[PDB]
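This is what each chain is made of:
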Amino acid sequence: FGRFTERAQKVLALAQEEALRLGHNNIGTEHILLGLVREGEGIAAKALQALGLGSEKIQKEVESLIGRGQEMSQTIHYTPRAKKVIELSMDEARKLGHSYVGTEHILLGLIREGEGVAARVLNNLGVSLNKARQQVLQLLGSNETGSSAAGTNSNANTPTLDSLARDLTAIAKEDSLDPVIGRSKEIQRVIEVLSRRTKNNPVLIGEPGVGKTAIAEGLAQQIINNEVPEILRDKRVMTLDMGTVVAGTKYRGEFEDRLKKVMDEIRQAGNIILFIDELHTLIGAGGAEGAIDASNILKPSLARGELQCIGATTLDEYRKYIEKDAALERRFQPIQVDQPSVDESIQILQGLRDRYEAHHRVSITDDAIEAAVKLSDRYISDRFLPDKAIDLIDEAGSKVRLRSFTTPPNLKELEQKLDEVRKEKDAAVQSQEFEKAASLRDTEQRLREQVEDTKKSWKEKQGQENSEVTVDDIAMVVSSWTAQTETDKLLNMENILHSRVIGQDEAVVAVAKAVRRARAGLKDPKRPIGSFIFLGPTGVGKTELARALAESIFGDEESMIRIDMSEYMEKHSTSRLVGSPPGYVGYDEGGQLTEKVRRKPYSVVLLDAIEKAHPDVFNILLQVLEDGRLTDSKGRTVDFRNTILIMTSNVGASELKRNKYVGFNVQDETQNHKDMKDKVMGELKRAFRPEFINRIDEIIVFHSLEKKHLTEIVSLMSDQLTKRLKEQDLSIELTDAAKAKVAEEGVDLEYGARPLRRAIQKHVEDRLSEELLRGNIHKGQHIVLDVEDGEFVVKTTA
Amino acid sequence: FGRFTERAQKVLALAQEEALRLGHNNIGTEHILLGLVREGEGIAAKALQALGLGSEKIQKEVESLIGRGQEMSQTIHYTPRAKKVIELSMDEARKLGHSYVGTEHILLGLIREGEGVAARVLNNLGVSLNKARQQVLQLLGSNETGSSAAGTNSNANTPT
Amino acid sequence: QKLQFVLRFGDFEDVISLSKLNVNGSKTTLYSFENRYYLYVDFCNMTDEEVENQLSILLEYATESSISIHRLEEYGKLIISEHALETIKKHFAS
């Protein structure tokens, strides 16, 4: 595994030859030995020639142990013994120079896995098994490039460089390093800042968020070669790691004792570069606790230029050095950080796409990689633009290989049979049913060889997949969270939202399209997938649509937060002369609202009745609308460029409760409409800010169930009723006649599609239950709720 | 308890046979011993045959201890000693894994229950009580259910 | 070197495979034990080398269990005793 060296495969195939050449059904361990020595100067092969065991010497023994005469060579794959020798060698080659496994390991591994026919050959040919394993072993040497040492250099450097810790230069002189992809701009800014004297310390600020250590591989490279000022030559580079110091110790005092000592050995000054990761924790400055205050020693260490250092810090962290002085404000100095831009992001991916050939499902397609990135920024939507991507790539980077295990050639069906046989066979072998196990056995083994043959016909799913990530596939994985399972969601969004909300179909198509706009990409990636205000009677389709969006986009009905803003009113109720004040905006901003939406990072946030809130609430919402961020609790930016913010309202209430209503005529709809879409939208604005509405995408007006919205919402609820009782075996139906009568409760201007639950309860649950208890209707038999006189009548039907 | 293997019950019922066959009111340990060895080649039974204790050899001792002549076989349930041999065996089967308890455990349990008339038979017939408990044990190996040892692969996997 | 071994064969079809060209004057007894079929092979009057020889072939089709024969002798389960290969060639192949 991980792909092998030739030498292994070569000794192995020579085994298969000895199988048929000597007549063996399954290529035994006797052949593996012959195989090794017939590969001549393989480390295995060679070893045996030392041991005195030639191909001949071995074979003389071999023919006398099995040899003859299964030239038919029934099912010529290995013995399981021989297969074990291979599994062992592989790991013993991981152990002994070979990721890609070769000969050495195979004799070595053979000895370890020294059994049966193989083993007996060498102990008969006067060779101890470990004398052989020795022999392979003693033909090893260095294979780690940049290493095979025999030289000597330097002196004074000794005590310091030991301790503690990682050395980026070392691994880059053994060059296993991958550059990777810049994140370029920090690196120049360090060398000005680091060939200094009085202050000599760079401090990299922000973006953590790129894998900071990648930038470090930048630094490593430039501090060596070759544009550098004089004190930045005769330099040696040490990375300081918190982890090595803390390990093996408990109490804080021990860590400090070691740390004072380390800073002292750091006396190699003007010839030493120290990299200090997570610099803040040690400095400890300000706040209520900035963590372990190593700072007392560390600040002069930084200032002196003995512990001339490069600080890897963050947005807030800079405060906690510039606040201290003059050995943290004579140490710190800021430098401008970059990452590999959105297109660059894609390219990093591509570079290690091909390297999931230990995964063999991608290596490529490029367009799919491109999709991974581009789709991610709006489709969850809160991380860095390449990390998101790789999860898609790799997900999808199995997903089509998963489509294997059913139809595409589906020679899985073969295997499906082969199992079933074994069973029949097996149970027959247990009962006996001798020849009655026999033919089942034969049917089984028929299957087996055929299976094994088609299992390397299922190299075709490699030839299928290790191109293609599938663009669509990748898209599907982003959607799994958030083409394939996203564009049916996009294209049919109105239809999908319509299938859950019939409460205002007008509204559904509008909302559908707005989410679909952002979710198809053309909105700033600093704004939610939807801002809205929903005016209407309340609950018209309003709440329900928030639900339906969760339902349509995520494949989970609910992935939808929901807060009533009217409770954080501060608009007609805060405090009085000498009565205590509340906290309302502090509650939403300060933690509650923001924490909740952070849990499902993408979520339809439904802020009910926001017009009953003062203009101050809207500013916070405005940050979502602008930033696609909300700034809250413990300095987090929670990326609200994900979320679908949906705010409900009614403050022009009267017009929205004298709303569109086709049951009162068509011309009552568009003049209740026209009236509500201006006096409401201005009581809305008066209960908001125009500035609020200026970064809110759309104000949707919902109209109580016009004639025509109702009985279909009711026929879903009444049917939801009828469906939840069927699972436990009770058949109820409300006829269209009964679903109609239920729908009538909300025809009210004032109500939405919220009162509908009560009328399903009253007309279905309550009406049936007082009849199921009396035995007019029963279990499993069909219970028809019908209307036959303008009132319900429950009839029974088989 | 947890329900038993036949082998236990099988050695046991032969005691009851022996109850009447020599006349024992409540079926003594001497009858249990005969029960074990008359169950032939169960691990208890088999064991006794190794030490040289055949049903014959045993019975010769047995009739000369109690033997005669409670042929009335009053209530014919066990003697409390004989009931103990069973209580012990259950645990000697915990000992040699068997929720369903069988033969080895019963001879092993017998040794435990060395008070018995049975016990005295074997130490008279030149067989140490533990030479027998040994004997039952050494006719086992390992039952398992998927393991059986010998032959392995992989190396690098070790530290993790 | 023991001339009698207690062997485990996996799937039944393995016992058959062995059978169809081995018996070799050697009574062999076939258990099902741990649901996999064990064969306690008894090379009758074959030299140590001769036994390793014969036994090689057997272990082309199986591996040799550590398991002592007396675990089988008490708590085992037979499929064909003492003529195990021979019978299996008839009734399990064919």
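Rules used in this analysis
- Here, residue numbers run from 1 along each chain following its sequence as written; these need not agree with the numbering used in the entry, and residues that have no coordinates do not appear.
- Just so you know, chain letters begin at A and ligand numbers begin at 1, following the order they were written in.
- Any value quoted here refers to the chains shown, not to the larger assembly they are part of.
- Hydrogens are left out, water is left out, and the side-chain values use all remaining heavy atoms of the structure.
- Residues with missing side-chain atoms are left out of burial classes, side-chain pairs and their counts.
- UniProt positions are given in the numbering used here, feature names are shortened, and annotations may be inferred rather than shown by experiment.
- Here a helix means four or more residues in a row that DSSP labels H or I, a strand means two or more in a row labelled E, and each is numbered from the N terminus.
- Throughout, the radius of gyration refers to the C-alpha atoms, and the reference size of a globule is 2.2 Å times the residue count to the power 0.38.
- Note on classification: 1.4 Å probe, protein chains only; a residue is buried when its accessible area is under 20% of the maximum for its type, exposed when over 50%, partly exposed between these limits.
- Contacts are residue-level and defined by heavy atoms, with any inter-residue pair within 4.5 Å sufficient.
- Here the Shrake-Rupley method, with its probe set to 1.4 Å, supplies the accessible areas, and only the displayed protein chains count as covering residues.
- For the purpose of counting charges, residues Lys and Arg are taken to be positive, whereas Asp and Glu are taken to be negative. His and the chain ends are not included.
- A charged residue contributes its charge at one atom only: NZ of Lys, CZ of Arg, CG of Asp or CD of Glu.
- Each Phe, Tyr or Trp ring, with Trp reduced to its six-membered ring, pairs with another whose centre is within 6.5 Å; inter-plane angles below 30 degrees give stacked pairs, above 60 give edge-to-face pairs, and intermediate values give tilted ones.
- Criterion for a charge above a ring: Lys NZ or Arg CZ within 6 Å of the ring centre, and within 35 degrees of the ring normal.
- What counts as buried area is the accessible surface, traced by a 1.4 Å probe, that two parts surrender upon association, with contributions from both included.
- By convention in these notes, a salt bridge is any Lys or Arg side-chain nitrogen within 4 Å of a carboxyl oxygen on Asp or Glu.
- When residues are sorted by character, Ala, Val, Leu, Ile, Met, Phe, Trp, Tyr, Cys and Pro go into the nonpolar class, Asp, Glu, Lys and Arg into the charged class, and all the rest, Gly among them, into the polar class.
- Strands were regarded as paired on the criterion that DSSP finds at least two bridges between them.
- Only the stretch in contact is used when a helix axis is fitted, and all axes are lines through C-alpha atoms; the angle between N-to-C directions ranges over 0 to 180 degrees.
- The definitions used throughout rest on a 1 Å grid laid over the protein atoms alone, on which a cavity is an enclosed set of points accommodating a 1.4 Å probe that cannot get out and a pocket is an open set flanked by protein within 12 Å on both sides along at least five of seven lines; lining residues are those having an atom within 4 Å of a point.
- Grid points are joined across faces, edges and corners, and a volume is the space filled by probe spheres set on the points.
- Note on angle classes: values under 35 degrees are labelled roughly parallel, values over 145 roughly antiparallel, values of 65 to 115 roughly perpendicular, and the remainder oblique.
- Here a crossing is taken to be left-handed if its near helix is turned anticlockwise relative to the far helix by less than a right angle, and right-handed if that turn runs clockwise.
- Any pair of nitrogen or oxygen atoms within 3.5 Å is treated as a polar contact; in protein, a donor-acceptor pairing is required on top of that, and neighbouring residues in sequence qualify only through side-chain atoms on both sides.

Method of determination, as given in the entry header: cryo-EM; reported resolution: 11.0 Å.

The PDB entry annotates chain C as Adapter protein MecA 1 originating from Bacillus subtilis.

You'll find chain A entered in the PDB entry as Negative regulator of genetic competence ClpC/MecB, with Bacillus subtilis given as the organism. The record held by UniProt for chain A lists under Function the comment "Competence gene repressor; required for cell growth at high temperature. Negative regulator of comK expression. May interact with MecA to negatively regulate comK." A UniProt comment under Sequence similarities is attached to chain A, and it reads "Belongs to the ClpA/ClpB family. ClpC subfamily."

Draft legend 1. Spotlight on the overall build of chain C. A count of helical and extended segments in chain C gives four helices and four strands. For chain C, the succession of helices and strands along the chain, N to C, is β-α-β-β-α-α-β-α. Since a compact globule built from 94 residues should have a radius of gyration of about 12 Å, the 12 Å found for chain C is in line with a globular shape. Along the longest, intermediate and shortest principal axes, the C-alpha atoms of chain C span 30 × 30 × 20 Å. In chain C, which comprises 94 residues, the proportion classed as buried is 66%. Partitioning the intrachain contacts of chain C with sequence separation of at least 6 by distance along the chain shows that 75% fall at a separation of at least 24. Accessible surface, chain C as shown: approximately 3200 Å² in total, 56% of it carbon and sulfur. If you average the places of the 9 positive and of the 15 negative side-chain charges in chain C, the two averages end up 7 Å apart.

Draft legend 2. Geometry of helix α7 (residues 116-124) of chain A. Judged by how many residues are buried, α7 of chain A sits mostly within the fold: seven of nine residues are covered. All of the buried residues along α7 of chain A are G116, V117, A118, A119, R120, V121 and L122 of chain A. Looking at the buried positions of α7 of chain A, the neighbouring elements they touch are α2 (29-37), α3 (43-51), α4 (55-63), α6 (103-112) and α8 (129-137) of chain A together with α2 (48-61) of chain C.

Draft legend 3. A look at the packing of aromatic side chains. With the rule as written, the count across this model stands at 13 aromatic pairs over all chains. Here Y661 of chain A and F664 of chain A contribute two aromatic rings whose centre-to-centre distance is 3.9 Å and whose plane-to-plane angle is 20°, an arrangement assigned as stacked. Accessibility expressed as a relative area gives 42% for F664 of chain A, which makes it partly exposed. Clustering of aromatic rings is evident, with ring pairs tying together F434 of chain A together with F12, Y37 and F92 of chain C. The ring of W458 of chain A has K412 of chain A lying over it, and the distance from NZ or CZ to the ring centre is 3.5 Å.

Draft legend 4. Broad picture of the interface of chain C and chain B. Each partner contributes to the interface: chain C provides 12 residues, whereas chain B provides 22 residues. Considering only the surface of chain C that becomes buried against chain B, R71, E74 and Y75 of chain C emerge as the three largest contributors, covering 49% of it. At the boundary of chain C and chain B, one finds two salt bridges. Measuring nitrogen to oxygen at the nearest pair gives 3.2 Å for the salt bridge that ties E73 of chain C to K46 of chain B. Counting residues per element, the side of chain C that touches chain B draws most heavily on helix α3 (residues 69-75) of chain C, which supplies five residues. Here the side of chain C that touches chain B is composed, by residue class, of four nonpolar, two polar and six charged.

Draft legend 5. Representation of the sheet that holds strand β5 (residues 532-535) of chain A within the structure. All names here are of chain A. Within the open sheet, the five strands sit side by side as β6-β7-β10-β5-β11. Their pairing is parallel. In this open sheet, the two strands that pair with only one neighbour each are β6 (560-564) and β11 (698-701). Recorded for the sheet is a direction-independent mean angle of 20° between the axes of neighbouring strands. Bridge count for β6 against strand β7 (residues 604-608) is five bridges, and the pairing is parallel. For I561, the partnering residue across the bridge sits in β7 and is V605. Lying over the sheet, helix α31 (residues 615-627) contacts β7 and β10 (644-648), oriented at roughly 145° with respect to β10.

Draft legend 6. Local environment of the pattern of salt bridges. Within the structure shown, the criterion is met by 87 salt bridges over all chains. The partner of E744 of chain A in a salt bridge is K707 of chain A, with the nearest N and O atoms 3.8 Å apart. Of the two residues, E744 of chain A is situated in the loop between α35 (736-743) and α36 (756-772) and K707 of chain A in the loop between β11 and α34 (710-726); the sequence distance between them amounts to 37 residues. By relative accessible area, which is 38% here, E744 of chain A ends up partly exposed. One salt-bridge network, held together by shared partners, links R422, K425, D426, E444 and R448 of chain A together with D11 and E13 of chain C.

Draft legend 7. Expanded view of the sheet that holds strand β14 (residues 792-797) of chain A. All names here are of chain A. Taking strand neighbours across the sheet as the criterion, the three strands line up as β12-β13-β14 in an open arrangement whose pairing is mixed. Each having just a single partner strand, β12 (731-734) and β14 make up the two edges of the open sheet. Within this sheet the neighbouring strands show an average axis-to-axis angle of 25°, counted without direction. With four bridges joining them, β12 and strand β13 (residues 782-787) adopt parallel strand pairing. Within the sheet, the bridge partner assigned to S731 lies in β13 and is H782. Contacts from α35 reach β12, β13 and β14 within the one sheet, and its direction differs from that of β13 by about 60°.

Draft legend 8. Fine view of empty space enclosed by the protein. Residue and element names in this part refer to chain A. In this structure, the largest cavity occupies an estimated 90 Å³ of space. In terms of lining residues, the largest cavity is bounded by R166, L168, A216, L219, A220, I223, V237, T239, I273, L274, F275 and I310. Sorting the residues of the lining of the largest cavity by element identifies α12 (213-224), β2 (236-240) and β3 (272-276) as the ones contributing at least two each. Broken down by element, the residue count for the lining of the largest cavity peaks at four residues, all from α12. Residue composition of the lining of the largest cavity, by class: 10 nonpolar, one polar and one charged. Looking at the second largest cavity, its volume works out to about 40 Å³. Taken together, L593, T594, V605, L607, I620, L621, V624, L630, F640 and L645 form the lining of the second largest cavity. Looking at the lining of the second largest cavity, the elements with two or more residues in it are α30 (592-599), β7 and α31. Here the residues of the lining of the second largest cavity are counted per class, giving nine nonpolar, one polar and no charged.

Draft legend 9. The packing of α34 of chain A against α35 of chain A, seen in detail. Residue and element names in this part refer to chain A. Relative to each other, α34 and α35 sit at 115°, their axes nearing to 8 Å. The angle between α34 and α35 falls in the class roughly perpendicular. Between α34 and α35 lies a crossing of right-handed hand. Side by side, α34 and α35 meet where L710, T711, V714, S715, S718, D719 and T722 of the first sit next to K739, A740, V742 and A743 of the second. The residue inventory of the contact of α34 with α35, partitioned by class, reads five nonpolar, four polar and two charged.

Draft legend 10. Region of interest: the side chain of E104 of chain A. Residue and element names in this part refer to chain A. Looking at where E104 falls in the secondary structure, it is placed in helix α6. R112 is the oppositely charged side chain nearest to the buried, salt-bridge-free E104, at an N-O distance of 6.2 Å. Once residues within four sequence positions are removed from consideration, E104 is found in contact with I43, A44, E92, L96, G97, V136 and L140.

Draft legend 11. Fine view of the interface of chain C and chain A. On the chain A side, the residues contacting the 32 residues of chain C number 32 residues. Interface of chain C and chain A: buried area, both sides summed, is about 2400 Å²; carbon and sulfur atoms make up 42% of it. The largest per-residue losses of area from chain C upon contact with chain A belong to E13, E60 and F92 of chain C, which jointly make up 29% of the total buried on that side. Between chain C and chain A we count five salt bridges in total. Here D11 of chain C and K425 of chain A are joined by a salt bridge, their closest N and O atoms 2.9 Å apart. For the pair chain C and chain A, the interface holds 22 residue pairs in polar contact. With 10 residues, the single largest contributor to the side of chain C that touches chain A is α2 of chain C. Looking at the side of chain C that touches chain A residue by residue, the classes come out as 14 nonpolar, nine polar and nine charged.

Draft legend 12. Spotlight on the UniProt feature "domain: Clp R" in chain A. Mapped onto this numbering, the UniProt entry gives "domain: Clp R" at residues 1-142 of chain A. Annotated as 61% helix and 0% strand, the span residues 1-142 of chain A places its first and last C-alpha atoms 22 Å apart.

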